[PDB]
C-alpha cells in the first residue's frame, strides 16, 4: 500500500533533507524527524490547497502525477493506524497543535480539512500579549514532553498571526539487553585532537551485525524489545562520508530483510540527544518556502484576515540507556565470549536512524559526535 510507496518516500523526504543539512554545520549533534514532521507538515496540504498542496508536498520527493491525493493522505490514514496498535512492546509518541488568535472569523476549508480522522486541535488564544502566548504554546509540548523539553519558542513577536508546534519524544527499550552493571567507561575519539569520556555500555554476543560494502561500514540492526527497527552505522577508519552518503531506500531495505548472527564483543555508548531545530534552515532551502513567509495566502482556517504560518517549529528528544526489565528481562546466554571479528567498540562518531517495523519510516534520524556540545 504505502509501505511499498509512501514509506520509501518517507525514508526519502527525510533523506533529501540531510544531503543539504550537513552544509550547515559539522560537529552538530543532529536529530531530525522524517515521520513526525511530514505527519505534521503534510497534514497541512490536506486543507491548505492552491500552490502549497504542491510545494509543501512535492518537495518531499512527491510529484502528484503517478501519485494523487489518495494513496498519499490515505497513506498517513493507514500509517497512523497501522503503526499504532496495542502491545507490551513500546511507545514512540508525538503530537502537533495550532494556537491561533482570538478575534477573527474562522471557517474550515483548511482547518476542518485537517480534521478528517486526524482531528487537529484548533484554538484561538490572544497574540496581543506575547507573554502568555509564548507559554501557552510552549506548554503543550509539556503534556507530551511530560518532563523532556518544552521551549519550542521563548520569543514571540506581536506580528505572528499564529504558529505551529510539535512534540516527538521516546524512552529507549531493546531486545539485546546490554549489561546494566558492566559499563566500562572508556574514551571517545572525534577527528584527531580529542579524548571524550563517553559512557560505555557492553556485552558480547552473536549480535545482529553483517558488515556491508557499498558504503564502507559496520551496521548493527539491534532490534528493540518489540517492533522498533534500529539502524546504526559505524565507518571503517575515521572515513565518514560514504555510508551516510550513498543511501536510497532500497539500500537498508536489503539489510532489513536478513537474520544474520555474528560472534563478537559488542561495545556501544550510553547517551541522550536533543536534536531541535527550526523548520527553516533546510525547509525553505530544500523547497518548502512560501506558506510561513509573508508572500502567499495561507488562509483556509477563516475568511477575514491574510494568514500565514508564524513559527512552525518541530521537536525532538531521544534517550539511550537500560530500560525493559518486565518479568523476563534477561540476557539469556551471558557466559559465551565467542568472537571471530569482534570488539565493535563505539568509541567513534557514528550516525543512525530508527525506523519502525509497523510502518517502516525513520521517525528519529540523527547522529552522535561531540557529546559536550549543548
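Positions refer to the first chain, counted from 1.
When the C-alpha B-factors of 102-110 and 234-242 are averaged, 102-110 comes out higher. Annotation for 360-368 versus 346-354: the higher mean temperature factor (C-alpha) is found in 346-354.
Comparing C-alpha B-factors across 122, 288, 165, 133 in the deposited entry, the largest value falls on 288. Looking only at 277, 207, 188, 292, the residue with the top Cα B factor in the deposited structure is 207. When the modelled residues of the chain are ordered by their C-alpha B factor, residue 36 lands in the lowest third. Per the PDB record, residue ranking by Cα B-factor puts residue 80 in the middle third of the chain.
The PDB entry assigns residue 327 a C-alpha temperature factor belonging to the highest third of its chain's modelled residues. For residue 265, the recorded CA B-factor ranks within the middle third of the chain. Only modelled residues enter the ranking. In the deposited entry, the Cα temperature factor of residue 160 sits in the bottom third of values across the chain's modelled residues.
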